[PDB]
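Heads up: the sequence lines are chains A, B and C, in that order.
Position one of the first sequence corresponds to residue 1010 (full-length UniProt numbering), numbered consecutively onward.
Taking full-length UniProt numbering, I'd label the letters of the second sequence as residues 212 to 337, 401 to 454, 482 to 510, 518 to 559.
Position one of the third sequence corresponds to residue 803 (full-length UniProt numbering), numbered consecutively onward.
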Amino acid sequence: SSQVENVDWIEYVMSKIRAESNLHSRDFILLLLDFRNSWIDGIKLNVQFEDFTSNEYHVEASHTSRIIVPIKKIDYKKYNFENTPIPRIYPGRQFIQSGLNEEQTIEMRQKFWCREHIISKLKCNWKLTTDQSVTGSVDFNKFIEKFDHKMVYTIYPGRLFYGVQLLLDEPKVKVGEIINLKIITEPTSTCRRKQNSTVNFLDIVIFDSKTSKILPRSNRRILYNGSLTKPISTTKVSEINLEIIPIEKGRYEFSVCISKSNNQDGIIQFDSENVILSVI
Amino acid sequence: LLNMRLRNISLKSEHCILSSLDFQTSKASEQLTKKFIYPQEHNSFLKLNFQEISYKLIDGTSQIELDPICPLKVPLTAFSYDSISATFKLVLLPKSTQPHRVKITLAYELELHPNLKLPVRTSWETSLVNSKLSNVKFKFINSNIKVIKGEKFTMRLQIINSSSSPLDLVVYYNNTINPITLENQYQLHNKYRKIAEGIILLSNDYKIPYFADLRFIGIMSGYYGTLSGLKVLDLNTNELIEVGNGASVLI
Amino acid sequence: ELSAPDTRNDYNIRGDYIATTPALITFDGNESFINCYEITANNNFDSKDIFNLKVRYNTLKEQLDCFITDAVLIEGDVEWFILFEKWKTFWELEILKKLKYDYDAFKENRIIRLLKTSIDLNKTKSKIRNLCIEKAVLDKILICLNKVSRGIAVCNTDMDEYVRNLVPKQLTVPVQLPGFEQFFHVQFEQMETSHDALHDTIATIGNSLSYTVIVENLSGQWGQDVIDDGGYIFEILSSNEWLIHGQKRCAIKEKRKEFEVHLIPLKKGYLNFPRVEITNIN
């Protein structure tokens, strides 16, 4: 909301959610990194990404200060992240066998290439306090040690099995409007993985805005015409749809969950779009 | 006995234990009396319950209730006035004398002298977490229910221990999903995906040396009662000490 | 489809289910199918009429067998012209003993037969006058369906208006209670804590007996509980009601009853005989 524009990293995603309204929210991520100085002087620490301008920080002699740098995601249908992997500085060499599984080679390629992507645009700049002349920079090549499986999910969305988006038209609904919900599903670059299951199952789950876990029989609540299983097609887009006749409460969230079969714990993606509607 | 009653005292750890005796003139004498009155052509009695107060101890003092008591006179009603009572520090159970009076103005304006005043024993019938390894105790100096928007806020934690090794604890908030019936299978995940996404601790790995002001900002809004991500730990003999206390509404 | 009654008495409906494209279900009842309908009110608010519904159901063993008799055996203008032309009653006697295993009809496969046999069926096909090409196509189809699988393709292509639709009907008739009234309460949060931020439930209940009770419960909260013991003055209108508590508690027990159905009868001025109380925080 407005008047929160007193904090340096808010106004970037505010200023591109006001203009360029195609570039929505809930996809901007924050990368969080802590400086620590092994020196007796203060450091002033203005960080630049490709357009983000952090304010005049200060780190005294041990006091860490976690910079909260906002970036966007990357699009898996825009870059190919399965290109020649770990390219050598100079061509040639022995050409020995890799000695690793092809699947391992895939995750090593992703965990390198996302790392250099966040290296390539991040430039710190700094100056000392007690001299105000000896400015400098750093580079983060020795700093960012590797990625793990949380990080490659959060930057790269193509590591997930499916990618959905889901819109509900006109979120001010009074009582009596049977209104279709629209789901657009698109399988990712890990459409090549399984392929012996040709159907996967999509539970649409219902949360209250304040409390949780609305039971699926759902009286005095959303009533649904159809059922909430709706099996979806691997390797093709599929527009599922369900109609919501609401009875009475304040606000709710919708989200989906994919489960690969209909047995217990075969579930694969706890996906989290969560659109909210407001009901009088 | 006509007006059936019960004594409900509820105990809270905010040093309060309220008392609200409930009264209801039940069917046992009603089935006889409202057929004598039905023969006398009456089915809306009015016993004027207007005079009632409690007693605390041998100093029989009328304690000030949290609710009011006007002239209450109707048919087949039931009432339960709530009274604030001070909670004792221990099991010193103050026996009480519940006093009340209803002047039974019957049919043809016939008043009858009656009262309900008797005595019994008013037993209730029943911040900090301690350590596991040291004498250390954790409390929050700032109040555990607090208001904020999505902006920044100051939060302050007590560490009081024994000064045999008074040092070397670390914090970290551990913003990752605990990886975990199908609706419970998406309920535990949606609990954990708002624990590990809601607030972020802006000075993690804070070396403590008593007092420390821990530094958070919250992203998304709700009721984060027992905000349970943050873990201090003793660097010798590593035990996962948790501080599952405090709350933050973000509206 | 839900049916308005034969009186045509202006009972409006808003929702209705026409699954034109999703001709697709599975009904082992562990998963739940729910259909809901939003009936509206007429100029007059009455109780009893007739309601019927056009459940146009089918059977899965008709659908996959109509796929198997049109794609996996007889998808040509030669075999269905001369090989299985007039011997279709033998195919419709062969089909109804197949017992296709439907536990994996909606788990990574479709049309995967269970453990029957085929040598006795081949002996029965040889003991009739079946030709060598027709026996070749039928043995090829049974050999393919000895172990097979399918995607969700031809979910309606192999039954595109080539199937019967056993349109059932029933009779639901809008059951109603005994006593109709309308209350309106008045809440006042005289809270022992600060506020629990409770979430609302503006109830609207019914009661069907005589000399009866129509109880109610307050809102449910989720903060530090057993508190926010509210204050309430009743202010019930257009009736001669009863009471349970003045300035009650919103604790683990609430018990805010109103035994108003022992007196004050009225008419059936609504769709049923109800009472819609509504508190307000003042």
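Here a beta-carbon is modelled for each residue, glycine too, at the ideal position from N, C-alpha and C.
With a threshold of 6 Å on Cβ separation, who are the neighbours of residue i within its own chain once the five nearest residues in sequence on each side are excluded?
i, result
"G1235 of chain A", "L1251"
"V410 of chain B", "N435"
"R1075 of chain A", "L1041, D1043"
"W882 of chain C", "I876"
"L916 of chain C", "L901, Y903"
"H324 of chain B", "none"
"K856 of chain C", "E803, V969"
"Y518 of chain B", "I433"
"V540 of chain B", "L443, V445, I549"
On the DSSP letters alone, give me the boundaries of the beta strand (DSSP E) that residue i sits inside.
i, result
"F427 of chain B", "426-434"
"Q989 of chain C", "988-990"
"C1052 of chain C", "From DSSP, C1052 of chain C is part of no beta strand (DSSP E); its letter is neither H nor E."
"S1024 of chain A", "Taken as a continuous stretch (DSSP letters only), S1024 of chain A belongs to no beta strand (DSSP E), being part of the alpha helix (DSSP H) at 1019-1027."
"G1167 of chain A", "Note, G1167 of chain A: premise wrong, no beta strand (DSSP E); not H, not E."
"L222 of chain B", "220-223"
"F1263 of chain A", "1260-1267"
"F1075 of chain C", "Where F1075 of chain C is concerned, there is no enclosing beta strand (DSSP E), given that its DSSP letter is neither H nor E."
"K328 of chain B", "326-331"
Please list the terminal residues of the continuous alpha helix (DSSP H) segment that includes residue i.
i, result
"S240 of chain B", "238-247"
"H1158 of chain A", "1158-1163"
"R1118 of chain A", "1111-1128"
"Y493 of chain B", "486-499"
"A938 of chain C", "934-946"
"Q1012 of chain A", "Segment: none, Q1012 of chain A is in no alpha helix (DSSP H) and carries neither H nor E."
"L1041 of chain A", "Not the alpha helix (DSSP H): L1041 of chain A falls in the beta strand (DSSP E), residues 1038-1044."
"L866 of chain C", "862-870"
"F892 of chain C", "890-896"
Pick from the options: whose alpha carbon is nearest that of residue i?
i, options, result
"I943 of chain C", "C:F1075, C:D960, C:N924, C:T959", "C:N924"
"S1281 of chain A", "A:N1272, A:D1212, A:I1241", "A:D1212"
"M215 of chain B", "B:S231, B:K223, B:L232, B:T236", "B:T236"
"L1073 of chain C", "C:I1083, C:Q978, C:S951", "C:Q978"
"residue 1093 of chain C", "C:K1070, C:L916, C:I1080", "The requested residue 1093 of chain C does not occur in the structure, where chain C is confined to residues 803 to 1084."
"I815 of chain C", "A:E1186, A:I1105, A:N1064", "A:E1186"
"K1082 of chain A", "A:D1274, A:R1035, A:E1014", "A:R1035"
"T1197 of chain A", "A:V1284, A:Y1162, A:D1178, A:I1223", "A:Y1162"
"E1065 of chain A", "A:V1016, A:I1254, A:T1199, A:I1193", "A:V1016"
"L1131 of chain A", "A:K1239, A:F1058, A:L1237", "A:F1058"
"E1018 of chain C", "C:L866, C:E1056, C:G831, C:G878", "C:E1056"
"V1078 of chain A", "A:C1133, A:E1125, A:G1108", "A:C1133"
"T1093 of chain A", "A:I1115, A:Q1103, A:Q1106", "A:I1115"
"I1249 of chain A", "A:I1128, A:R1045, A:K1191, A:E1112", "A:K1191"
"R1045 of chain A", "B:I525, B:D506, B:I527, B:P510", "B:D506"
"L1169 of chain A", "A:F1061, A:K1183, A:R1201, A:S1142", "A:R1201"
Quick one: residues in its chain with C-beta nearer than 7 Å to the C-beta of residue i, no 5 flanking neighbours on either side, listed in chain order?
i, result
"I559 of chain B", "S529"
"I841 of chain C", "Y813, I815"
"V1028 of chain C", "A1053, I1054"
"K971 of chain C", "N854, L855, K856"
Could you tell me which residues DSSP puts in a beta bridge with residue i?
i, result
"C1200 of chain A", "DSSP output for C1200 of chain A lists no bridge partner at all."
"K918 of chain C", "Answer by DSSP bridge pairing: none, since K918 of chain C is not bridged."
"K1132 of chain A", "A:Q1057"
"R966 of chain C", "According to DSSP, which records beta bridges pairwise, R966 of chain C is partnered with nothing at all."
"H1064 of chain C", "Paired residues: none, contrary to the question."
"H253 of chain B", "BP columns for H253 of chain B are empty, so no partner."
"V1208 of chain A", "A:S1242"
"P1079 of chain A", "A:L1039"
"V1017 of chain C", "Bridge partners of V1017 of chain C: none, in fact."
Which residues in the same chain have their Cβ closer than 8 Å to the Cβ of residue i, if we skip the five residues on either side of it in sequence?
i, result
"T450 of chain B", "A497"
"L1011 of chain C", "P980, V1063"
"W1135 of chain A", "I1052, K1053, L1054, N1055, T1144, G1145, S1146, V1147"
"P330 of chain B", "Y266, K306, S307, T308, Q309"
- Query: Between the stretch 485-495 of chain B and the stretch 402-418 of chain B, do at least 3 Cβ pairs fall closer than 8 Å?
  - Reply: no
- Message: Is it the case that the stretch 1257-1269 of chain A contacts the stretch 1224-1242 of chain A, given that we only count it when at least three CB pairs across the two stretches are under 8 Å?
- Response: yes
- Message: Would you call the stretch 1059-1074 of chain A in contact with the stretch 1090-1110 of chain A, where contact means no fewer than 3 C-beta pairs closer than 8 Å?
- Response: The stretch 1059-1074 of chain A, when compared against the stretch 1090-1110 of chain A, does not touch it at the 8 Å Cβ threshold.
- Query: Okay, do the stretch 1116-1124 of chain A and the stretch 1155-1162 of chain A touch, 3+ Cβ pairs below 8 Å being the bar?
  - Reply: yes
- Message: Taking beta-carbon pairs under 7 Å, can you tell me which members of the stretch 812-844 of chain C lie near chain E?
- Response: Included in the structure are the protein chains A, B and C, with no chain E among them.
- Task: State whether the stretch 438-453 of chain B contacts the stretch 258-265 of chain B, with contact taken as three or more CB pairs (one from each stretch) at a distance under 8 Å.
- Result: no
- Task: Spell out a yes or no on whether the stretch 234-253 of chain B and the stretch 953-966 of chain C are touching, meaning 3 or more CB-CB pairs, one atom from each, closer than 8 Å.
- Result: By the Cβ test, the stretch 234-253 of chain B is not in contact with the stretch 953-966 of chain C, since fewer than three Cβ pairs between them sit closer than 8 Å.
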